[PDB]
Amino acid sequence: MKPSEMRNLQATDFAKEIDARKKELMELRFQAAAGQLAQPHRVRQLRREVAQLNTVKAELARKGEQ
RNA sequence: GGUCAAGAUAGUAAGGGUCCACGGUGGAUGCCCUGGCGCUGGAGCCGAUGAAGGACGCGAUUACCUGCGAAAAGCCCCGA
């Protein structure tokens, strides 16, 4: 979610995690359009989640290739 | 008391005037500060790593502002 249990993943295993959230985020976007969003907090959570993956994939790119 | 005569004089206000009472309109005066001005001192350049300044966006709901920038009213570390 946030500490060291996030960086264990390989190359395509990072792009995979993003894609699964973007898809969920879109299913929620469609849910919003048809008056079905009972859990709006889920929206920001996934956006915070995708941000974290994208931030870390840049940390590890510099904590190796310098 | 009655009739006639000769006199003289009053009230009525359609509307108006002055004063009084009570309102309405209006935003002066007073009180206040959420905002300004001056002087004294501090500080004093930003930009091809893309500035000043903008456009369009980012909200469960978002028209304006603010804050951001497709990682979008926020993501990571250190300190309080």
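Pairs under 7 Å by beta carbon, first residue touching a residue at least 24 places away in the same chain (Cβ under 8 Å) and part of a helix (DSSP H, G or I) in the stretch A:13-35, partner surrounded by 15 or more Cβ atoms within 10 Å (Cβ to Cβ) and among the β-branched types (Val, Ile, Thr), six or more apart or different chains?
Filtered contacts from the stretch A:13-35: A:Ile18/A:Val50; A:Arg21/A:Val50; A:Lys22/A:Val50.
Looking only at the stretch A:17-31, count how many residues are more than 10 Å from RNA strand B (Cβ to nearest atom) and either within 26 Å of A:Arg7 (Cβ to Cβ) or in contact with a helix residue (DSSP H, G or I) (Cβ under 7 Å, 6 or more places away or on another chain) (or both).
Residues flagged as more than 10 Å from RNA strand B (Cβ to nearest atom) and either within 26 Å of A:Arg7 (Cβ to Cβ) or in contact with a helix residue (DSSP H, G or I) (Cβ under 7 Å, 6 or more places away or on another chain) (or both) within the stretch A:17-31 amount to 5.
Out of the residues in the stretch A:7-51 meeting the condition of being aliphatic (A, V, I, L, M) and closer than 19 Å to A:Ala61 by Cβ, tell me which one is surrounded by the fewest Cβ atoms within 10 Å (Cβ to Cβ).
Per the stated criteria, the residue is A:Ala11.
Kindly check whether there is at least one residue in the stretch A:54-63 that is surrounded by 12 or more Cβ atoms within 10 Å (Cβ to Cβ), near RNA strand B (Cβ under 10 Å from one of its atoms) and outside any helix (DSSP H, G or I).
No; the residues of the stretch A:54-63 include none that is surrounded by 12 or more Cβ atoms within 10 Å (Cβ to Cβ), near RNA strand B (Cβ under 10 Å from one of its atoms) and outside any helix (DSSP H, G or I).
What is the residue count in the stretch A:32-50 for residues that are more than 8 Å from RNA strand B (Cβ to nearest atom) and touching a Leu at 6+ places or on another chain (Cβ under 7 Å)?
Going through the stretch A:32-50 one residue at a time, the tally reaches 2.
Virtual Cβ from ideal backbone geometry, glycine too; neighbours counted across all protein chains shown. Taken together, the values in this text are just the output of simple stated rules run on the coordinates, not laboratory data.
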